[PDB]
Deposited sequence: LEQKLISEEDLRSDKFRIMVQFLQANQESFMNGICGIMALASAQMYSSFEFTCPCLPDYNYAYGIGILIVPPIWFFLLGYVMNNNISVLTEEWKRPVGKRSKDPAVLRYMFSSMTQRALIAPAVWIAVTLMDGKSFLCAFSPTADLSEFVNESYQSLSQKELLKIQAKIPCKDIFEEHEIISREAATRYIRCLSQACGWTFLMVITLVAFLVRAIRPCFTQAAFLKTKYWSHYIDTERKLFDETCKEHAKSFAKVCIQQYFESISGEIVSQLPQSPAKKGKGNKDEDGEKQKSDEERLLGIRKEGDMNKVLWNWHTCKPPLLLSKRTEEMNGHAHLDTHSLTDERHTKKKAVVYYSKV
């Protein structure tokens, strides 16, 4: 909370804090069922970033012109469309990456998902060191559920929890490193004139809108003054 606010202050690239806060304000609840744990985990991992990607796409006020150009046979930039589309895509990819990083550093989804299948043989008590893995499926399935796990005589819930959480944090750090390296290479490589042409078209849109609102003002002023004569009368 305090951190997201601080990030916002620094900013004062905004959907990042939106995703972070939405994750922190989300009631994560592992169903703790052997048939659905994997589904729920991978779902929390995969669906929200997809939705964030779409949301980033729609909130961009120039998708309309992209569709317009992709529609015509030959429209009134042979390639700036590529450039502006790729810039929009790059802008959009921030929130899903942030969501994945956050949900991995906090090993909740990983714990929910890989709890039933993973091998925890050093954690299972030595007494029940020999029993059908189908029962261990049901048992380990309840591991991320504090109020439900009632087999302290068999498995230490806390040890396994810390184990899988460390695994998740390691994966999250590797993911962050890979993303940072890719971003570094991209900025170190990248296409010049298209940027100037899009700057031109942007300034064109701005001056068109401002001229239009000004001429609307001045042309409505005449009508206003004509009709306000009776208003005094």
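Against the full deposited sequence, the model leaves out several stretches, namely 1-18, 31-35, 100-102, 217-219, 263-358.
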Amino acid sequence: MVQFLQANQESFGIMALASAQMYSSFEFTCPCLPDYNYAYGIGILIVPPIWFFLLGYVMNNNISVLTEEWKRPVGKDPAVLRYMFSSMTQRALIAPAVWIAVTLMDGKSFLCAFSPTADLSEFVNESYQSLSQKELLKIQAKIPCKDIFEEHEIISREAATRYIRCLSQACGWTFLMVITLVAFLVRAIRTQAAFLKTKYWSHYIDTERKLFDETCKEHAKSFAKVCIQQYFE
From here on, numbers count along this sequence of modelled residues.
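In the other compared entries of this protein that model both flanking residues, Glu150 has coordinates in every one, well short of a third left out.
In every other compared PDB entry of this protein that covers both flanking sides, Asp106 is modelled, so it falls short of the one-third threshold for missing coordinates.
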